[PDB]
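The structure file run14.cif is reproduced below (mmCIF, N, CA and C atoms and all ligand atoms).
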data_input
loop_
_atom_site.label_atom_id
_atom_site.label_comp_id
_atom_site.auth_asym_id
_atom_site.auth_seq_id
_atom_site.Cartn_x
_atom_site.Cartn_y
_atom_site.Cartn_z
N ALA A 406 -29.32 14.71 2.02
CA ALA A 406 -28.05 14.32 2.61
C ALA A 406 -28.21 13.24 3.64
N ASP A 407 -29.34 12.54 3.65
CA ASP A 407 -29.54 11.51 4.66
C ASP A 407 -29.93 10.17 4.06
N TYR A 408 -30.82 10.16 3.07
CA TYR A 408 -31.18 8.92 2.38
C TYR A 408 -30.91 8.95 0.89
N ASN A 409 -30.37 10.04 0.34
CA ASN A 409 -30.22 10.17 -1.10
C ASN A 409 -28.79 10.36 -1.57
N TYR A 410 -28.03 11.24 -0.93
CA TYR A 410 -26.67 11.56 -1.40
C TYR A 410 -25.86 12.12 -0.24
N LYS A 411 -24.85 11.37 0.20
CA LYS A 411 -24.02 11.76 1.32
C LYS A 411 -22.59 12.00 0.84
N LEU A 412 -21.95 13.08 1.35
CA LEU A 412 -20.56 13.43 1.10
C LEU A 412 -19.73 13.16 2.35
N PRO A 413 -18.50 12.67 2.22
CA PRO A 413 -17.65 12.45 3.39
C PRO A 413 -17.13 13.76 3.95
N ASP A 414 -16.71 13.71 5.21
CA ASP A 414 -16.13 14.88 5.86
C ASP A 414 -14.61 14.90 5.75
N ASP A 415 -14.09 14.63 4.55
CA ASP A 415 -12.72 14.95 4.19
C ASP A 415 -12.67 15.38 2.73
N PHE A 416 -13.72 16.04 2.27
CA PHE A 416 -13.96 16.23 0.85
C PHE A 416 -12.96 17.21 0.26
N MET A 417 -12.27 16.77 -0.79
CA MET A 417 -11.48 17.63 -1.66
C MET A 417 -12.16 17.65 -3.02
N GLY A 418 -12.73 18.80 -3.37
CA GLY A 418 -13.47 18.90 -4.61
C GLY A 418 -14.28 20.18 -4.64
N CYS A 419 -15.12 20.29 -5.67
CA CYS A 419 -15.93 21.47 -5.93
C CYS A 419 -17.39 21.05 -6.09
N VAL A 420 -18.31 21.91 -5.65
CA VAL A 420 -19.75 21.66 -5.74
C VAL A 420 -20.38 22.78 -6.56
N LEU A 421 -21.11 22.42 -7.61
CA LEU A 421 -21.67 23.39 -8.55
C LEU A 421 -23.17 23.22 -8.65
N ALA A 422 -23.88 24.33 -8.84
CA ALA A 422 -25.32 24.30 -9.08
C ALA A 422 -25.73 25.56 -9.82
N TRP A 423 -26.77 25.44 -10.63
CA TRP A 423 -27.33 26.58 -11.35
C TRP A 423 -28.80 26.30 -11.61
N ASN A 424 -29.54 27.36 -11.93
CA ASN A 424 -30.99 27.25 -12.10
C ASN A 424 -31.34 26.52 -13.39
N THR A 425 -32.36 25.67 -13.31
CA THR A 425 -32.71 24.77 -14.40
C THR A 425 -33.22 25.50 -15.62
N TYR A 438 -39.14 13.27 -11.51
CA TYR A 438 -37.99 13.54 -10.65
C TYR A 438 -38.32 13.22 -9.21
N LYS A 439 -38.09 11.98 -8.82
CA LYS A 439 -38.46 11.49 -7.50
C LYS A 439 -37.31 11.66 -6.51
N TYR A 440 -37.62 11.43 -5.23
CA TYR A 440 -36.60 11.40 -4.20
C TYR A 440 -37.07 10.56 -3.03
N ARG A 441 -36.17 9.72 -2.51
CA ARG A 441 -36.50 8.78 -1.45
C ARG A 441 -36.81 9.52 -0.15
N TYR A 442 -37.72 8.94 0.64
CA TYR A 442 -38.12 9.54 1.91
C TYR A 442 -38.18 8.55 3.07
N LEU A 443 -38.29 7.25 2.81
CA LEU A 443 -38.36 6.25 3.87
C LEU A 443 -37.43 5.10 3.54
N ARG A 444 -36.46 4.84 4.42
CA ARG A 444 -35.63 3.65 4.32
C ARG A 444 -35.08 3.35 5.71
N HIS A 445 -34.65 2.11 5.90
CA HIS A 445 -34.17 1.64 7.19
C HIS A 445 -32.67 1.91 7.30
N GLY A 446 -32.31 3.02 7.93
CA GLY A 446 -30.92 3.33 8.19
C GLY A 446 -30.41 4.49 7.37
N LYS A 447 -29.18 4.87 7.69
CA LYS A 447 -28.48 5.98 7.07
C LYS A 447 -27.87 5.53 5.74
N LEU A 448 -27.00 6.36 5.18
CA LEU A 448 -26.14 5.97 4.08
C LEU A 448 -24.68 6.17 4.44
N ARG A 449 -23.86 5.39 3.85
CA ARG A 449 -22.43 5.60 3.79
C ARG A 449 -22.13 6.58 2.67
N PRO A 450 -21.03 7.33 2.74
CA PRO A 450 -20.74 8.33 1.70
C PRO A 450 -20.52 7.70 0.33
N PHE A 451 -20.95 8.43 -0.70
CA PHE A 451 -20.81 8.04 -2.11
C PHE A 451 -21.41 6.66 -2.39
N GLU A 452 -22.56 6.38 -1.78
CA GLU A 452 -23.28 5.14 -2.02
C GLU A 452 -24.73 5.47 -2.34
N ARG A 453 -25.35 4.63 -3.16
CA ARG A 453 -26.69 4.88 -3.67
C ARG A 453 -27.59 3.68 -3.40
N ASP A 454 -28.90 3.93 -3.47
CA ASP A 454 -29.92 2.92 -3.21
C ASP A 454 -30.94 2.94 -4.34
N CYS B 159 -28.45 -0.41 -15.11
CA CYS B 159 -27.12 -0.73 -14.63
C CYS B 159 -26.01 0.08 -15.28
N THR B 160 -24.92 0.19 -14.52
CA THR B 160 -24.01 1.32 -14.59
C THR B 160 -22.57 0.99 -14.97
N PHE B 161 -21.96 0.02 -14.30
CA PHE B 161 -20.52 -0.22 -14.43
C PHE B 161 -20.26 -1.36 -15.39
N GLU B 162 -19.12 -1.28 -16.08
CA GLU B 162 -18.66 -2.36 -16.94
C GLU B 162 -17.17 -2.20 -17.16
N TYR B 163 -16.46 -3.32 -17.21
CA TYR B 163 -15.01 -3.29 -17.37
C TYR B 163 -14.59 -4.61 -17.99
N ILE B 164 -14.11 -4.58 -19.22
CA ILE B 164 -13.51 -5.74 -19.87
C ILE B 164 -12.08 -5.36 -20.21
N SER B 165 -11.14 -6.21 -19.83
CA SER B 165 -9.74 -5.98 -20.14
C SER B 165 -9.09 -7.31 -20.47
N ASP B 166 -7.96 -7.25 -21.16
CA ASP B 166 -7.19 -8.45 -21.44
C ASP B 166 -6.44 -8.88 -20.18
N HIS B 181 -0.13 -24.14 -6.26
CA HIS B 181 -0.04 -22.68 -6.18
C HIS B 181 -1.21 -22.05 -5.46
N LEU B 182 -0.90 -21.18 -4.51
CA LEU B 182 -1.89 -20.52 -3.67
C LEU B 182 -2.07 -19.09 -4.15
N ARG B 183 -3.32 -18.67 -4.32
CA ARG B 183 -3.66 -17.35 -4.84
C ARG B 183 -4.47 -16.60 -3.80
N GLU B 184 -3.98 -15.43 -3.38
CA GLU B 184 -4.49 -14.73 -2.21
C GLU B 184 -5.05 -13.36 -2.59
N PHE B 185 -6.17 -12.99 -1.97
CA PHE B 185 -6.85 -11.75 -2.30
C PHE B 185 -7.30 -11.05 -1.03
N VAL B 186 -7.44 -9.73 -1.10
CA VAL B 186 -8.06 -8.96 -0.03
C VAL B 186 -9.08 -8.04 -0.69
N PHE B 187 -10.32 -8.07 -0.21
CA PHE B 187 -11.38 -7.22 -0.73
C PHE B 187 -11.81 -6.26 0.35
N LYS B 188 -11.62 -4.98 0.12
CA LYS B 188 -11.95 -3.95 1.08
C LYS B 188 -12.92 -3.00 0.40
N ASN B 189 -13.75 -2.32 1.18
CA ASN B 189 -14.80 -1.48 0.62
C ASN B 189 -15.01 -0.26 1.50
N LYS B 190 -14.73 0.93 0.98
CA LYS B 190 -14.94 2.16 1.73
C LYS B 190 -15.08 3.34 0.79
N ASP B 191 -15.95 4.29 1.18
CA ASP B 191 -16.24 5.52 0.43
C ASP B 191 -16.74 5.24 -0.98
N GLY B 192 -17.54 4.19 -1.14
CA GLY B 192 -18.03 3.83 -2.45
C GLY B 192 -16.97 3.37 -3.41
N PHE B 193 -15.94 2.69 -2.91
CA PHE B 193 -14.85 2.16 -3.72
C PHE B 193 -14.56 0.75 -3.25
N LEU B 194 -14.36 -0.16 -4.17
CA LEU B 194 -14.00 -1.54 -3.84
C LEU B 194 -12.54 -1.74 -4.21
N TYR B 195 -11.67 -1.76 -3.21
CA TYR B 195 -10.26 -2.05 -3.41
C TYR B 195 -10.04 -3.54 -3.50
N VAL B 196 -9.17 -3.96 -4.40
CA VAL B 196 -8.82 -5.37 -4.53
C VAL B 196 -7.30 -5.48 -4.55
N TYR B 197 -6.77 -6.39 -3.74
CA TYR B 197 -5.34 -6.67 -3.64
C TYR B 197 -5.10 -8.10 -4.07
N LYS B 198 -3.87 -8.43 -4.46
CA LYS B 198 -3.64 -9.76 -4.99
C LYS B 198 -2.21 -10.21 -4.75
N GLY B 199 -2.06 -11.47 -4.33
CA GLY B 199 -0.76 -12.08 -4.18
C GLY B 199 -0.74 -13.46 -4.81
N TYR B 200 0.44 -14.06 -4.82
CA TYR B 200 0.64 -15.36 -5.45
C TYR B 200 1.78 -16.08 -4.75
N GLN B 201 1.65 -17.39 -4.58
CA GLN B 201 2.68 -18.14 -3.88
C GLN B 201 2.72 -19.60 -4.32
N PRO B 202 3.88 -20.09 -4.75
CA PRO B 202 3.97 -21.48 -5.22
C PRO B 202 4.19 -22.51 -4.12
N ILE B 203 3.14 -22.99 -3.47
CA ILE B 203 3.31 -24.06 -2.50
C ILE B 203 3.45 -25.38 -3.25
N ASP B 208 -4.63 -27.64 3.52
CA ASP B 208 -4.48 -26.75 4.66
C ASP B 208 -3.73 -25.48 4.27
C1 LIG A 501 -26.66 -2.22 3.16
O1 LIG A 501 -27.77 -2.94 2.60
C2 LIG A 501 -28.42 -3.77 3.58
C3 LIG A 501 -29.51 -4.52 2.87
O2 LIG A 501 -29.78 -5.76 3.52
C4 LIG A 501 -28.95 -2.92 4.74
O3 LIG A 501 -29.45 -3.79 5.75
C5 LIG A 501 -27.86 -2.03 5.32
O4 LIG A 501 -28.44 -1.14 6.28
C6 LIG A 501 -27.17 -1.25 4.21
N1 LIG A 501 -26.10 -0.43 4.74
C7 LIG A 501 -26.30 0.75 5.35
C8 LIG A 501 -25.08 1.46 5.84
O5 LIG A 501 -27.42 1.20 5.51
#
Could you express the structure from this file as structure tokens?
Amino acid sequence: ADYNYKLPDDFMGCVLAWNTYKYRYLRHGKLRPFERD
Amino acid sequence: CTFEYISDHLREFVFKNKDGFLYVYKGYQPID
């Protein structure tokens, strides 16, 4: 939720997950919501 | 790459960008 995938704080929607590949760890700055790098 | 969209005097535009959305506005005027 800091460098990979951010949600806004007015979210209208549903979040789903179930039990069943890299991920970023260093970048200069935060993210804006619903934006990718 | 991800997105694609093909569809069928002073010309004025406003481009705004927020929450991962690019809003585009448009005007037209028949006339520096
Ligand atoms: C947008 O991308 C630029 C790349 O030059 C970066 O400097 C900037 O920090 C990015 N925006 C945010 C909110 O991190």
- request: Show me as JSON, numbers by chain the residues that reach within 8 Å of (-22.6, 10.9, -1.8), counting only N, CA and C atoms and using the file's own coordinates.
  value: {"A": [406, 409, 410, 411, 412, 413, 449, 450, 451, 452, 453]}
- request: Output the neighbourhood of ligand LIG 501 (chain A) as an NGL selection string, that is, all protein and nucleic acid residues with some atom at most 8 Å from the ligand, counting only C-alpha atoms and all ligand atoms.
  value: :A and (445-449)
Exercise answer, chain B residues close to chain A, 8 Å and only N, CA and C atoms, as a PyMOL selection string: chain B and resi 190-193
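If only C-alpha atoms are the atoms counted, then among B:183, B:189, B:159, B:164 the closest residue to residue 202 (chain B) is B:183.
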- request: Per DSSP on the backbone, filter chain B down to the residues in strand (DSSP E or B) and report them as a ChimeraX atom specification.
  value: /B:182-190,193-201
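CA of residue 165 (chain B) is positioned 17.1 Å from CA of residue 197 (chain B).
Relative to CA of residue 163 (chain B), CA of residue 420 (chain A) is found at 27.9 Å.
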query: Just how far from atom N of residue 416 (chain A) is atom C of residue 161 (chain B), in Å to one decimal?
result: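 Taking atom C of residue 161 (chain B) as the start and atom N of residue 416 (chain A) as the end point, the length is 25.6 Å.
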